[PDB]
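Sequences listed follow chains B and A, in order. Take the position in the first sequence, starting the count at 1, then add 1999; the result is the number in the entry's author numbering. Take the position in the second sequence, starting the count at 1, then add 999; the result is the number in the entry's author numbering. We treat Cβ as the ideally placed atom computed from N, Cα and C, and that holds for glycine.
There are 2 protein chains.
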Amino acid sequence: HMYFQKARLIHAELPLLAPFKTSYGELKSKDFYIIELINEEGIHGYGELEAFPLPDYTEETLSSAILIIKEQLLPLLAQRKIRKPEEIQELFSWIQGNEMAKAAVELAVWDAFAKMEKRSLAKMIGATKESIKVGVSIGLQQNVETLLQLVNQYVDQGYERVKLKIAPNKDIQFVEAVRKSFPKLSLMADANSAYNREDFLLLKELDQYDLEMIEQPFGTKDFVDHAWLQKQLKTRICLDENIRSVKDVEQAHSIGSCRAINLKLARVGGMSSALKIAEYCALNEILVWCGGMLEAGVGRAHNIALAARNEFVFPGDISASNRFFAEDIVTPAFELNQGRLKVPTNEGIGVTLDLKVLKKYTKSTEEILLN
Amino acid sequence: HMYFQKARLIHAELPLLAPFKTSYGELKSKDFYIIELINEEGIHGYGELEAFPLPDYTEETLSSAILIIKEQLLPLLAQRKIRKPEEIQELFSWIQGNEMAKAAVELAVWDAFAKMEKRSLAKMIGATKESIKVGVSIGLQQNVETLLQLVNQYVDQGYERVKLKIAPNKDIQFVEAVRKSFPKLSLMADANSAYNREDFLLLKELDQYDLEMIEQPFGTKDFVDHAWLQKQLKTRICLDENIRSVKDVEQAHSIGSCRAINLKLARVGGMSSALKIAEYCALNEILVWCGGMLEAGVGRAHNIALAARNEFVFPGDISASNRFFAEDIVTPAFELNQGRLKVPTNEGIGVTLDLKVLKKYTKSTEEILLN
Ligand SMILES: [Mg+2]
Ligand SMILES: [Mg+2]
């Protein structure tokens, strides 16, 4: 039982060690928001808005999402008494789409409760693991030779799973190379909606490489063509973009669009929603794993608590800050210990903000009286 | 061949005669934007942003959409030379969702071209009609008696089609009443996503009332449950919310989710997109008609040109301004002549702005240089 006294929206931007390539862009940093929800008893809950700057991933964007947060989500909490962190998905239920905005606010509310109950956010959602095996993603390489070198570094580093980025001209030849060299390494392929039905031959040729899964070969809204392809392959197909809720998984399932789901907290609307989906995939043999969105310290802390659940077996897209950022905004840095990350045990998300580090990356601060 | 010199974003709000009820709200007016695109040869193209204030219809909202227009759509036109109005859907293609933002800008570009070619926008997209039969929508009534009275007024007024709003407790008993009283009046039912699979009995009981169609009984993102229902009915099922493109219709089709499509320019991203869909429904026996979004003068003018196409047979949701607004922002008011509206013949959308009437409803004006 708690009431949210005020909200503090912090806009920050972290320098990426290396540029991140998106569909129709290239990130040079992680532009995000920190939603700080403050209890009426002095507890601070933290969430992170993950929306990319361009609507080249999903329809949402940072500027538009934070706008929906201010004009749509925060006003709802203003009055309200919240009893379960899960009541949040409900009052936001009438809102269509805008999942990443909801997530930023809702995940803050969860952290606030786990804090109140002196538990890890991981402990609270029921997780038991104390560490989780994270994976690694490699983009497109011009050389097969150089891909194999990159693949070698990580394996030696402890990463027990590798996601290879695929594309019509650079697909089958690279998968072999890696498969016929790491015959026991779990390996998946991400096709970033680069194929058409006409390329089913190319896609069928990958079935025989024991690929863990092939992510979104066709349209970002497609169910039909995916199903038409899934029925012709042994490898699981994985959806991403069009998976926003359990309801969305249910459709993909009955249609037979996929056998695996790339679950990302932000894209799915929060924690309540993510768990419902995890539980459902578990009951229907659908492989579920935590994808990523270049999260800063706060985003990553939540992601790891979700990843700690038993349903998640496949290594997710989480990693030590040091892989992307020169610096992060969370005090207990995430140490990579041979393909594994330590699940926070401290109250809430388990990590604190370097109000120091933050200050030098903060572009604006806004406080909102939810009362 | 034209280049857009500048853009003028006019924010206006018209007083509604009577309150308009939305899913989780009630409009008291039409808050919208007018996108005025100005040629390099002095031609003015006009579009209208239709997004509702709350994300209770689709994910978009006026405030967030106009934000996407400024930050995402207008910058693309800045440099560009446009040869066909249809080039607009293309450069916006990489953008996910955000259809109502696209529409406001793209429809402006069409009007600008039809103007350049001294043709009606209706003439240009190929329409031939000179008038179109519009319908009328009635919300939920407490009395069956009073619904029948309302139904009587319109029929005598000339409306050749009536859309009845349906809901679990107020459905079958009203349909009869109207059907067993106007045995020859085309009649459809709009279920505004108020039913579950468990209510298929209720929905099957309507099949026998020669209902033209039943709009979105189930989820606003659902294809599956709709298909499961369509296969059990004679009446056509009509989708709305989840129909954003030809591609979306293609899925609904192969899945068998519907037999009719409620086509609204804004929700579908513009004219290029709307025509593609109309043509497709025509080739695949799918009933297509123009739905509405409480358009002001500009929105309505475009809608009527689309409605003039041959594919649209069923009366759309268009009407004389006088049905909703005390005043409108378009000089040649739309006269209702026994269920029909006269298709503009004047250049472009065929109507002019009462810069006078506008001024007293304008809340802000913003000019943006595209050179
Ligand atoms: Mg993806
Ligand atoms: Mg509807």
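Segment contact: the region 1063-1071 of chain A against the region 1231-1250 of chain A, fewer than three CB-CB distances shorter than 8 Å; contact not assigned. Linking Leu1286(A) to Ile2171(B) through their CA atoms gives a straight-line distance of about 44 Å. At a C-beta separation below 9 Å, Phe2222(B) has these neighbours in chain A: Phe1222, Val1223, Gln1250 and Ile1254. CA-to-CA, the gap between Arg1243(A) and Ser1256(A) works out to about 15 Å. Taking all protein chains in view, the Cβ of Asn2336(B) is surrounded by fewer than 16 other Cβ atoms within 10 Å, so the residue is classified as exposed.
Relative to ligand 1, the beta carbon of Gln2215(B) is positioned inside 7 Å of a heavy atom. Taken in chain order, the unbroken stretches of alpha helix (DSSP H) that lie wholly in the region 1159-1218 of chain A and span 4 residues or more are 1171-1178 and 1199-1203.
Residues of the region 1080-1099 of chain A with a C-beta atom less than 7 Å from some C-beta of chain B are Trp1093, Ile1094, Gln1095, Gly1096 and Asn1097, listed in chain order.
Per DSSP, the unbroken beta strand (DSSP E) holding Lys2132(B) starts and ends at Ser2130 to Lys2132.
Here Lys2162(B) is buried, its C-beta having at least 16 other C-beta atoms within 10 Å. With a threshold of 7 Å, the Cβ atom of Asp2247(B) does not count as near ligand 1, since no heavy atom of the ligand is closer than that.
Note on geometry: alpha-carbon atoms of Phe1323(A) and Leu1016(A) lie some 5 Å from one another. Restricting attention to beta strand (DSSP E) runs no shorter than 3 residues, the region 2232-2301 of chain B encloses them at 2235-2238, 2259-2262 and 2286-2289, ordered along the chain. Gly2338(B) places its beta carbon less than 8 Å from that of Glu2159(B). For the region 2337-2353 of chain B, the set of residues with a beta-carbon nearer than 7 Å to any beta-carbon of chain A is empty.
Put simply, of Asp2206(B), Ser2272(B), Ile2034(B) and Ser2130(B) the residue whose alpha carbon is nearest the alpha carbon of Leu2340(B) is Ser2130(B).
Relative to ligand 2, even the nearest heavy atom lies 7 Å or more away from the CB of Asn1241(A). Here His2000(B) carries a coil assignment [DSSP, helix/strand/coil]. By the Cβ test, the region 2028-2036 of chain B is in contact with the region 2287-2303 of chain B, since at least three Cβ pairs between them sit closer than 8 Å. Assignment of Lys1005(A) by DSSP, reduced to helix, strand and coil, places it in the strand class. Each residue's CA atom was taken as its position, placing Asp2247(B) and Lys1220(A) some 8 Å apart. For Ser1363(A) against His1010(A), the beta-carbon gap comes to about 5 Å, under 8 Å, which counts as contact.
DSSP places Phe2112(B) in the helix class (H, G or I) of the three-state scheme. Per the coordinates, the alpha-carbon of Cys1280(A) lies some 20 Å from the alpha-carbon of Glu1085(A). Using beta-carbon distances, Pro1314(A) does not count as an interface residue toward chain B, since no partner is under 8 Å.
The contact set of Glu2058(B) on chain A, defined by CB atoms closer than 7 Å, consists of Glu1058, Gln1095, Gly1096 and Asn1097 in chain order. For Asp1055(A), the residues of chain B that pass the 9 Å Cβ criterion are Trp2093, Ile2094 and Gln2095, in the order they occur in the chain. A distance criterion of 7 Å places the beta-carbon of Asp2189(B) in contact range of ligand 1, judged by its closest non-hydrogen atom.
If you look at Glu2047(B), you'll find it in the beta strand (DSSP E) that goes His2043 to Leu2048. The residues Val2143, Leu2146 and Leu2147, in chain order, have a CB closer than 8 Å to that of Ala2176(B) in the same chain once the five nearest residues on each side in sequence are set aside.
Of the candidates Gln2215(B), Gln2088(B) and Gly2157(B), the residue whose Cα lies closest to the Cα of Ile2165(B) is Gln2215(B). Contact of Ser2192(B) with chain A is not assigned, every C-beta pair being separated by 8 Å or more. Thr2219(B) reaches chain A at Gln1095, counting residues in chain order whose Cβ is nearer than 9 Å. Unbroken beta strand (DSSP E) stretches of 3 residues or longer found wholly inside the region 1017-1077 of chain A: 1024-1037 and 1043-1048, given in chain order. At a cut-off of 8 Å between beta carbons, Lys1101(A) makes no contact with chain B.
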